[PDB]
Each structure stands twice: as C-alpha cells, then as structure tokens.
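Peer 1: sequence first, structure after, both from an experimental entry:
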Amino acid sequence: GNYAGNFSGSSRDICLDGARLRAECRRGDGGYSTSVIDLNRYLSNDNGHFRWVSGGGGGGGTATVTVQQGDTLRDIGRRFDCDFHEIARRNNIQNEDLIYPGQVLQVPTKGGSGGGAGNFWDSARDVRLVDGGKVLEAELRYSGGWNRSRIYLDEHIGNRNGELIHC
C-alpha cells in the first residue's frame with residue numbers, strides 16, 4: 001500500500017503549486033479540509049530523481065545534537081548517519097563511553113525540520129501531482145539536462161485530521 005503518509009488514502013484533490021502540496025485531507029469528522037504543505041523543503045531533485053532530502057541522510061561539517069533518554073553514541077551515530085566515534089571524539093568521550101539524556105554532542109549533521117532540505121523546485125519544471133498525490137511528476141534538471149522523475153508524497157505525507165503532516 002502506501003508508506004507512512006497514506007494521505008492520498010483520505011485526502012482528495014491533491015495538487016501542489018509547483019512545490020506547495022495541497023490536498024483535501026479528510027478529517028475524522030468525515031469531512032475534507034484544504035491542507036497545503038511546502039514539499040520544496042522535503043523533495044530534492046537528485047540527478048533527475050525525486051528524493052526526500054537526500055534519500056536516507058548524510059551531512060557535512062560540525063553541528064550539535066541533543067542526546068535523548070536511552071541513547072548512546074552508537075544510537076546517535078546510527079540515527080544521524082554519523083560515526084559514534086566521531087561524536088565521542090568531538091565531545092572528548094569514547095564511543096562505548098555511553099552518553100546521557102539531555103546532553104549535546106557534536107555531530108556532522110542535524111536532523112532538520114523543513115528548511116533547506118529539498119530544493120527540487122529550483123531545478124524542477126512542470127511539476128504536477130498524479131495518481132492522487134501518491135505520485136509527483138516533474139522535469140528534474142541533472143547531468144543529462146532534464147529528466148522526468150516522480151516521487152510518492154504519500155510516503156511521508158500523511159493526513160492528520162485535515163492537516164498534511166510529514167512522517
């Protein structure tokens with residue numbers, strides 16, 4: 001079926017304004033409500049292929065993440081696709097040192113929220129939603145010029161009581 005969003009399953013008239021996804025998300029009331037979200041900060045044009053952020057993750061540089069309850073260097077590393085050793089080295093701790101909740105560690109990349117993560121639109125032309133928002137088709141610029149690619153908004157875009165939420 002769908003991935004995590006499933007918004008296409010209850011949201012109708014799913015059509016974005018270039019990159020601003022707009023769908024009539026069905027609320028628990030059994031009614032439809034016009035919801036709109038910026039996919040321009042979630043979808044990226046990776047070599048002529050629609051991809052969420054960068055596919056899986058990735059980073060570069062030095063950022064600071066806050067350790068949560070029950071997390072270790074190893075968990076942080078796996079979560080932000082960083083090396084637990086590096087995280088440790090940056091904090092002057094060891095990988096198997098085991099960290100504590102409410103701590104701030106230096107990791108090469110953060111998690112993000114919705115600010116400069118996609119930018120597909122910057123190199124996308126004639127962007128249109130198809131199959132009911134479960135698929136998004138556009139001409140993505142790449143090494144070979146322009147290629148028609150698509151992405152499933154229903155993957156992470158879910159309808160939360162008439163509100164388009166990313167998961």
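Peer 2: Thanks, I have it. Numbers count the residues shown, from 1 in each chain.

Peer 1: mark out where each domain of this protein begins and ends.
Peer 2: What curated CATH domains lists as the domains of the chain is 1-57+114-167, 58-113.

Peer 1: look up the residues forming beta bridges with residue 26.
Peer 2: Beta-bridge pairing for residue 26 (DSSP bridges): residue 32.

Peer 1: which ones are touching residue 153?
Peer 2: Each residue near residue 153 by Cβ atoms under 8 Å, 6 or more residues apart in numbering is listed here: 5, 7-8, 14, 21, 39, 129, 133-136. Any C-beta I mention is one placed from the backbone N, CA and C, and that applies to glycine too.

Peer 1: run the last query once more with 6 Å
Peer 2: Residue 153 sits next to 21, 133, 136 when contact means Cβ atoms under 6 Å, 6 or more residues apart in numbering.

Peer 1: which of these lies closest to residue 145?
Peer 2: residue 136 (19.9 Å; Cβ to Cβ).

Peer 1: for the nearest residue to that closest one once chain neighbours are set aside, grab phi and psi.
Peer 2: Leaving aside its sequence neighbours, residue 136 sits nearest to residue 151 (Cβ to Cβ, 6 or more residues apart in numbering; 4.8 Å). Phi and psi for residue 151, reported as degrees, to the nearest 10, are phi -150, psi 150.

Peer 1: for residue 49, see how far away residue 151 is.
Peer 2: In this view, residue 151 and residue 49 are 8 Å apart by Cβ to Cβ, to the nearest Å.

Peer 1: before we move on, the earlier item: okay, now the residue nearest to residue 136: neighbour count?
Peer 2: 24 (other Cβ atoms under 10 Å).

Peer 1: which of the domains of the chain sits most buried?
Peer 2: Each of those was given a mean neighbour count from mean count of other Cβ atoms under 10 Å, and the largest, a mean of 18, is that of domain 1-57+114-167.

Peer 1: that one: end-to-end distance?
Peer 2: Domain 1-57+114-167 stretches 16 Å from its first residue to its last (Cα to Cα, to the nearest Å).

Peer 1: quick one: the nearest residue to residue 39 once chain neighbours are set aside from residue 14, how far?
Peer 2: Spatial nearest neighbour of residue 39, excluding adjacent residues (Cβ to Cβ, 6+ apart): residue 21 at 4.7 Å. Applying Cβ to Cβ, one obtains 7 Å for the distance of residue 21 from residue 14.

Peer 1: good, we can wrap up now.
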